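This report refers to the structure that appears directly beneath it.
Each ligand, and each atom within it, is numbered from 1 in the order the structure gives. Just so it is clear, the values below take in all heavy atoms, side chains as well, and ignore hydrogens, waters and symmetry mates. A note on names: the letters A, B, ... follow the listed sequences, proteins ahead of strands, and every chain is numbered from 1.
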Amino acid sequence: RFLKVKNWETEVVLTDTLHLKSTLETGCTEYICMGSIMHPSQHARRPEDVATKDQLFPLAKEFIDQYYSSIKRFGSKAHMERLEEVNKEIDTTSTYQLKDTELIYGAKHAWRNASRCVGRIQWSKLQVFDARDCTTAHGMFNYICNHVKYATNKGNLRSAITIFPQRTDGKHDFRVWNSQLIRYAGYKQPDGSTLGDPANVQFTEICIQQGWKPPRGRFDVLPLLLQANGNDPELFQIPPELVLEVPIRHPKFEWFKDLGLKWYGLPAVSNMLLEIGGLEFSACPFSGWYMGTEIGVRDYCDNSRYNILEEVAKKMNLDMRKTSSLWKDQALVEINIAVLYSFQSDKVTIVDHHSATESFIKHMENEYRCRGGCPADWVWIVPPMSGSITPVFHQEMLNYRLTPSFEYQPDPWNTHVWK
Amino acid sequence: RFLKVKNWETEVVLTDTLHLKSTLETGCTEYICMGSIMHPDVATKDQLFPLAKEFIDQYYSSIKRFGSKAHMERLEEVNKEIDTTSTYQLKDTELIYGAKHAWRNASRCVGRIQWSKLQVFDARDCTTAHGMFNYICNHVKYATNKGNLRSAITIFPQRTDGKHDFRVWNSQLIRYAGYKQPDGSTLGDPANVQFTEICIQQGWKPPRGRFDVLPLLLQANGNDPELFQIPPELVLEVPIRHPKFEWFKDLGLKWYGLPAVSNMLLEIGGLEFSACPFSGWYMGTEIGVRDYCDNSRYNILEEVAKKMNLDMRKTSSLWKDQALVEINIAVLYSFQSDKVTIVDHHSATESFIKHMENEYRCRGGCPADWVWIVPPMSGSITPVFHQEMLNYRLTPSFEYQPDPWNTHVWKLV
Ligand code: HEM
Ligand code: HEM
Ligand SMILES: N=C(Nc1cccc(CNCCc2ccc(-c3ccccc3)cc2CN)c1)c1ccco1
Ligand SMILES: N=C(Nc1cccc(CNCCc2ccc(-c3ccccc3)cc2CN)c1)c1ccco1
Ligand SMILES: C[C@H](O)[C@H](O)[C@H]1CNc2nc(N)[nH]c(=O)c2N1
Ligand SMILES: C[C@H](O)[C@H](O)[C@H]1CNc2nc(N)[nH]c(=O)c2N1
Ligand SMILES: [Zn+2]
């Protein structure tokens, strides 16, 4: 039993065995493929809330077993006691506690297993901030500020994740309500349009409704909305000297800087769920650095986002009569050129989509040579511009779900009964 | 049971019931997705009976005659034939219906809003390669229509025992030749180098130029394939120029206007039509992104970037991206100027979203392959990018088949 993937530029074939260790459903069947569904499956590893012992322990025994095999100590003295130790905690607390090394292993391996991440060649170079001692929203704000400041590192960005206490009964969850630590506000206008970032309108309204005083500009950094041990969330303002921002200019078009555009330097995903041996860390903000397309193809150019193509085209003097002039395509390129050139000018880490995609091909090779496989989601790996002129477009990929993992989770306002 | 797909740009939600009617593999398992795998002797009497029943039932349902007197007589007729002859023959009505639906069911095709407007040429009376050449010439002339292209397919005799297959050995009816040089370089189209060697061996005397139309290699009834030169007056060609860069014409570039796919298999009710060339018209990016800029292809980015004085030292200047756009602008401007039918990728994807919605309304779903529907450039600024799509295999369908020089056992000398 194998499966081969082939790269149709280079004719390199790769033999995948790692997929035999797949645990969760992808959503597909032999009669239907769901590889372009956003959230295809709802196959979770334990039931919704406080699991019984025979539900939680088998997941724990798997993770510990996997960790001790990783370090060539399977069945060793330490491993056997660790099993017995996790049994006692589950028996007396209906949960258990990860060792500091187990916690680091798991975070790095959830990144490694993130089939959608084009960036995983860095997976083992992740800094882990243990914040499992935290108890309040103020403490969360302290931990998050240190995260942001370490990771920003004056622009030489560093990957980090900060791990808050795990879910216990489902009522005492820790949650960052922000989807990223640094996003811009979006404002519903009287004339029906949208000022700022339309993705965040709803979140911006919850902030205003929670007492935030909006500047009502186009690039207003949003407050943090931190929730600790299930209490009501609390607004904090990130100290601006911690929010690195790049003004976007263009190496050719001098008029570009007059579009009054900037973006933040640190992408810090903060609404996902980290799962390790059946433990669920509902607040695990992680951050690395941007691929240029993320800002310039999606953030600036989606219709339901900043939607700035029309403006950039006008200033370029393009025939916007019909689509066949390819005026969107042209403007779209000049933008991502401008974004790259600006980050590089301010010595802020950023990677282009040719470098990133090439990296990931190399990562694939490494993973197949040393691990027998590497899960990859072609729909998400291929950059959203210039797909076929990058090497991943011609790379076949197998997609399967390995644990530890990052998972989606409901937005907390759909589920939070206030006080 | 139902399934939902969402458009994350518009928030439209469609409900797929049609997926229940599929019964072929996708290659995916319940624990592994093969969505990006490119490609994941003949049927006995027993295997053919149900296949034919499914198709006949579907046809008669389609014309609001299910369970009718004509329906049951046709079904009993098909049975007599499989009993007697171990195969059966489609009526003309069923052949048209089947060929139209295989296009409709082609999950990888973004042009399916046009599916019901398809001209079917019945060529099941054909017996020789000369016969095939005649049929293909009439296909090309009808489809090209002086630049106002019309979709058509020509269907040759179905498979029998596998020993008497009809095959077009060309992958398209009109492609340019490729020639490896002693110094390793390549003249013409690198994609076709192998097929070029085969033709040259079979006796074709090549011009050894950059845009030589390859000869047809036609196999009828399991015999050795035979060479024919498509009459040059039937090959409509477009010289590629750019509306702003006057230096572009000096690249010497041209393309053929008629995409005519000939290496595939058409399956209707268990019958396999191993030779079924079909044609429509181009999306610009097929020539412009893939045919010129793929590195295993004509590979003209560097030359275009040079003439643009682009900074080609570092990727992050995005010279490849910038050059690719201009080449695609030229392709579209060239065809539109010569009034040859073509569709740009924005128009194409827009129409496909419209077609998908209509198909969910009146048919209960529409199988689609995101990995193929999204254009190979500027993906996220076309609406299919944000459109969730279910993939499953309806039949009749088009199908891959092995290249005939891998399996043909030669006859002469
Ligand atoms: C260091 C440079 C990194 C780059 C360039 C990068 C790049 C990307 C990009 C472009 C995406 C697609 C996201 C989108 O388009 O919305 C993605 C997905 C993802 N990345 Fe990475 N990433 C990096 C670091 C990390 C780190 C440190 C982690 C976790 C520790 C991570 C985990 C993930 C996950 C879980 C997803 C899937 C998210 C989802 O399904 O919404 N990445 N990555
Ligand atoms: C009328 C205009 C049409 C347009 C603009 C169009 C567009 C396209 C494009 C761009 C592709 C991807 C091709 C590739 O990337 O290699 C494709 C695939 C395909 N098309 Fe259409 N098409 C048209 C008509 C037709 C017709 C008339 C048929 C058959 C009757 C057909 C059947 C298919 C099939 C079977 C595929 C998938 C091919 C494969 O699996 O390799 N198309 N189409
Ligand atoms: N470089 C980076 N970037 C990056 C990486 C991972 C994830 C993201 C953000 N990804 C969110 C995309 C998304 C996911 C789920 C839904 C969704 C919402 C509600 C229900 C169901 C699904 C919607 C979206 C919006 N497209 C950015 C980065 C951040 C940290 C390290 O690296
Ligand atoms: N507009 C059109 N275009 C179009 C439509 C359908 C199909 C194609 C050609 N599609 C070829 C892609 C392909 C498929 C399989 C393999 C392959 C090779 C070896 C082993 C297995 C598979 C290689 C390729 C080349 N990429 C073009 C068109 C033609 C007729 C009407 O409309
Ligand atoms: C490996 C990968 O599936 C392959 O390169 C695919 C991707 N998507 C494609 N999409 C289209 N339209 N045509 C293609 O040839 C391909 N090739
Ligand atoms: C419908 C489609 O699956 C969805 O819009 C996906 C497509 N691929 C993507 N790829 C990345 N990197 N990010 C995305 O948000 C998406 N969106
Ligand atoms: Zn799948």
Side-chain angles (χ1 to χ4, degrees), chain A residues 26-30 32-40 116-118 291 293-294 297-298 302 377-384 388 398-400, chain B residues 5-9 26-30 32-40 99-115 117-120 143 149-153 155 171-172 259-261 263-266 276-287 289-291 341-345 347-349 351-352 369-376 379-380 383-392 397-400:
Chain A
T26 56
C28 301
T29 68
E30 11 168 63
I32 177 156
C33 165
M34 294 183 68
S36 74
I37 303 293
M38 179 74 65
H39 195 32
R116 294 183 169 169
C117 180
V118 75
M291 189 168 68
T293 60
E294 301 186 77
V297 180
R298 308 298 309 277
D302 280 2
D377 186 317
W378 194 98
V379 168
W380 283 66
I381 295 298
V382 170
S388 60
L398 296 185
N399 198 16
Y400 45 96
Chain B
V5 299
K6 177 177 194 178
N7 194 289
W8 290 86
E9 188 195 11
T26 60
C28 295
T29 74
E30 271 157 9
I32 293 104
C33 178
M34 314 219 304
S36 72
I37 306 310
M38 180 99 73
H39 175 37
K100 279 187 189 174
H101 274 60
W103 183 13
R104 187 188 200 179
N105 292 342
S107 71
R108 289 181 177 178
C109 179
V110 71
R112 289 182 275 162
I113 194 182
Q114 286 287 305
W115 77 268
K117 302 180 213 97
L118 183 70
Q119 194 49 63
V120 180
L149 316 186
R150 302 182 285 203
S151 315
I153 181 173
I155 299 172
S171 50
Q172 286 164 55
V261 166
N263 55 12
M264 292 192 88
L265 192 130
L266 167 57
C276 59
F278 62 87
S279 56
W281 58 77
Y282 267 115
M283 189 164 83
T285 58
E286 302 185 67
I287 314 149
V289 185
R290 309 307 307 283
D291 282 321
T341 300
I342 197 170
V343 68
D344 70 85
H345 50 279
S347 202
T349 56
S351 278
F352 183 79
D369 188 333
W370 194 95
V371 176
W372 281 64
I373 299 308
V374 176
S380 90
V384 287
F385 180 87
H386 321 257
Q387 173 67 66
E388 294 187 343
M389 300 169 193
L390 291 178
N391 207 24
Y392 48 86
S397 64
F398 288 101
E399 292 294 345
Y400 290 157

Taking heavy atoms and a distance under 4.0 Å, where does B/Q387 meet ligand 6: side chain, backbone, both or neither?
backbone

Are any of the N or O atoms of B/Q114 closer than 3.5 Å to those of ligand 2?
no

Rounded at 0.5 Å granularity, tell me how far CZ in B/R112 sits from CZ in B/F352.
4.5 Å

N or O contact, B/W103 vs ligand 2, cut-off under 3.5 Å
yes

Find all atoms of ligand 2 within a distance of less than 4.0 Å from any non-hydrogen atom belonging to B/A106, and give their numbers and elements.
35 (C)

Do the non-hydrogen side-chain atoms of B/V371 and B/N391 ever get within less than 4.5 Å of each other?
no

Quick one: closest heavy-atom pair of B/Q387 and B/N7, and the distance?
OE1-ND2, 3.0 Å

Are A/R298 and ligand 6 in contact, using a heavy-atom cut-off of under 4.0 Å?
yes

Could you check which of A/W380, A/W378, B/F385 puts a non-hydrogen atom nearest to atom 1 (C) of ligand 6?
B/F385

Given 3.5 Å as the limit, does a donor-acceptor pair link the side chain of B/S380 with the main chain of A/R298, or not?
no

Per atom 32 (C) of ligand 2, closest listed option by heavy atom (B/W281, B/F398, B/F278):
B/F278

Among protein heavy atoms, which sits nearest to atom 19 (C) of ligand 2, and what does the distance come to when rounded to 0.1 Å?
B/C109 CB, 3.6 Å

For ligand 2, which atoms have a heavy atom of B/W372 less than 4.0 angstrom away?
14 (C), 15 (O), 16 (O), 39 (C), 41 (O)

shortest atom 8 (N) of ligand 6-to-protein heavy-atom contact is with A/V379 O, 3.3 Å

Hey, are the side chains of B/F398 and B/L266 touching, using non-hydrogen atoms and a 4.5 Å cut-off?
yes

B/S151 neighbourhood, listing ligand 2 atoms whose heavy-atom distance to it stays under 4.0 Å:
1 (C)

Among all protein heavy atoms, pick the one closest to atom 7 (C) of ligand 2 and tell me residue, atom and distance.
B/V110 CG1, 4.0 Å

At less than 4.0 angstrom from any non-hydrogen atom of B/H386, what atoms of ligand 6 do you find?
1 (C), 5 (O)

Just which atoms of ligand 2 are under 4.0 Å from any heavy atom in B/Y400?
39 (C), 40 (O), 41 (O)

Please note down the angle at the Zn ion (ligand 7) between SG of A/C33 and SG of A/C28, to the nearest 10°.
110°

How far apart are the closest heavy atoms of A/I37 and A/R116, and which atoms are they?
O-NH2, 3.7 Å

Using a 4.0 Å cutoff against the non-hydrogen atoms of B/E286, which atoms of ligand 2 qualify?
10 (C), 13 (C)

Do A/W380 and A/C117 have side-chain heavy atoms sitting under 4.5 Å apart?
no

For side chain to side chain contact (heavy atoms under 4.5 Å, CB included), just list the numbers for B/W103 and B/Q114, CA-CA rounded to whole Å, side-chain angles, deciding distance to a tenth of an Å, and then say yes or no.
CA-CA 9 Å; B/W103 183 13; B/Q114 286 287 305; 3.6 Å; yes

Hey, does the side chain of B/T341 reach the backbone of B/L149 with a donor-acceptor pair shorter than 3.5 angstrom?
yes

So, taking the atom named CG in B/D291 and the one named OG1 in B/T285, what distance separates them when rounded to the nearest 0.5 Å?
9.5 Å

Taking B/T26 for the side chain and A/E30 for the main chain, is one N or O donor matched with an acceptor at less than 3.5 Å?
yes

Is there a donor-acceptor pair closer than 3.5 Å between any side-chain N or O of B/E388 and the backbone N or O of B/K6?
yes

Atom 3 (O) of ligand 6: closest protein heavy atom, distance to 0.1 Å, is A/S36 O, 3.0 Å

Among all protein heavy atoms, pick the one closest to atom 38 (C) of ligand 2 and tell me residue, atom and distance.
B/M264 SD, 4.2 Å

Identify, for atom 18 (C) of ligand 2, the protein heavy atom at the shortest distance, and state residue, atom and that distance.
B/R108 O, 3.6 Å

Atom indices of ligand 2, in the order listed, that fall short of 4.0 Å to a heavy atom of B/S279:
27 (C)

